[PDB]
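Peer 1: Numbering (our numbering), first residue to last: 222 to 406.
#1: Please list, in chain order, all residues of the same chain as residue 254 whose beta carbon is under 6 angstroms from its beta carbon, the five residues on each side excluded.
#2: When the distance is taken between beta carbons, is residue 322 closer than 8 angstroms to residue 287?
#3: Can you give me the C-alpha to C-alpha distance between residue 385 and residue 226, rounded to a whole angstrom?
#4: Keeping to the same chain, check which residues put their C-beta closer than 7 angstroms to that of residue 305; ignore five residues upstream and five downstream.
#5: Rounded to whole angstroms, what's the CA-CA distance from residue 392 to residue 297? Just pull it up for me.
#6: How is residue 358 classed by DSSP in three states: helix, strand or coil?
#7: Where residue 279 and residue 301 are concerned, what is the direct C-alpha to C-alpha distance, given to the nearest angstrom?
#8: Are residue 228 and residue 379 closer than 8 angstroms when you measure CB to CB?
#9: In this structure, how does DSSP classify residue 329 when only helix, strand and coil are distinguished?
#10: Using a 10 Å radius around the Cβ and a threshold of 16 neighbouring Cβ atoms, would you call residue 343 buried or exposed?
#11: Are the CB atoms of residue 335 and residue 404 nearer to each other than 8 angstroms?
#12: What residues in its chain sit with their C-beta under 8 angstroms from that of residue 271, if we drop five residues either side in the sequence?
#13: In three-state DSSP terms, what is residue 247?
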């Protein structure tokens, strides 16, 4: 529990929050040209719920299409019977070792539901990050008094915490803003 460990810990927590944010975003139907959209899809295979990637591959040739390659011809069948079963509203077609799935332009209804969701997640990210700064500063207050650090030493430590905070805020914004541009595409 030293200044150095305080920093490491602060950077660690913020990093975890940034990941929770990435997750919340990747779980959104962008311009939908994303292949990761279908990665988490648990597909029923041999009575088990195996994620699609371990059972198939999905690449995004052009920004309007999505292809799903399945090594197993049978798995490909059930992958299609799973791609749907969601708000995704996709229509895969059976052709060869892969399913062809066109991504239709999204309705300005779910487009609302998407840009709003992104911004909601973004602020949730910042709130978490500012709260982490808050906890780090509280710990710095006790640590400084406890270790009798100089005004310059403690103010320097505050500056270090402040610097870590702004990097993740900046990075959080960049993530959100990028997903926003994908959705408004």
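By construction, the Cβ of each residue, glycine as well, lies at the ideal position given by its N, Cα and C atoms.
Peer 2: Per the coordinate set shown:
#1: 281, 284 and 324
#2: yes
#3: 13 angstroms
#4: 311
#5: 38 angstroms
#6: helix
#7: 12 angstroms
#8: no
#9: coil
#10: buried
#11: yes
#12: 263 and 264
#13: helix
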